[PDB]
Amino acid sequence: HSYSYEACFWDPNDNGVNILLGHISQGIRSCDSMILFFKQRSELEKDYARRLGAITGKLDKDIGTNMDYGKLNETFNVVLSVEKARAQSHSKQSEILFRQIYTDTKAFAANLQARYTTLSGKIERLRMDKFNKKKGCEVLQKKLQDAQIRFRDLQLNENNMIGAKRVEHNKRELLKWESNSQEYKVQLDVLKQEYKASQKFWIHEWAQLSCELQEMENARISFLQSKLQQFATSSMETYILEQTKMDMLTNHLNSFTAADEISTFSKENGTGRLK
């Protein structure tokens, strides 16, 4: 039941190993998708703020040069102030993007990669120890069977020996391969136990290293998860601000009528009535 990395990936050919190593590795490269996005998005907002500022710059000089009257002039300045507020807001948003979320995400991704590289090396080294030791057993099992066969051949041959030199030579070969069979058997028993020990050590280790992997991915998901809200919050703050500023502009466009402008202007600059 209960599902995790250390619980569900036990295969007799270490399949679950490469599946997990593959998954964590592809997840690391997958960060480059957001890392690049954060960067380009950051660079975009900077240019937007800078170019908007340049636009409000020409607007400021134009308001001063081309003077205007009363409320319609005070409304031209609200537009001016509203827009430079957005500019500053996008500019501030740009800086948050480049350093707090882009830089910290790129840096964190490089660190995941470093840990992953170390882990994979430790993994490969360990399961090779099972491989080499298993190959070693089979190799010696061949040698043991060979030696046992050459021994049985020599003792079956013992009766066909004629000379004293021929007899002695065969008796020597007999004990030589009696010795070989005995030593190979012992060399095989010990190498067998070394292998079962190595099998036991892998189980001990993989129980731990799969947890290290599960901690890696968990730290990867959660970090990206938090960084994306920090993204969605920083952006949110701008949009909520931009709404408030357009509320201002709306609120004052509705605060006066053209009839008011004519009334007041005539009050200030009238040159006398007619009688």
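Don't overthink the numbering: it's just position in the shown sequence, from 1.
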Entry B factor averaged over C-alpha atoms, 91-99 against 176-184: higher for 91-99
Higher of the two mean Cα B-factors (202-210, 246-254; per PDB record) comes from 246-254
Among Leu154, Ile162, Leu144, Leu191, highest Cα B-factor in the entry goes to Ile162
Reading the B-factor column for Cα atoms of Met128, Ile149, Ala197, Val139, the highest value belongs to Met128
In terms of its chain's C-alpha B-factors, the third that includes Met67 is the highest
Of the three thirds of Cα B-factor ranks in this chain, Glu168 occupies the lowest
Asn111: CA B-factor among chain residues, third -> highest
Chain-relative C-alpha B factor for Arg29 (record values, thirds): the highest
Split the chain's modelled residues into thirds by Cα B-factor; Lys46 lands in the highest
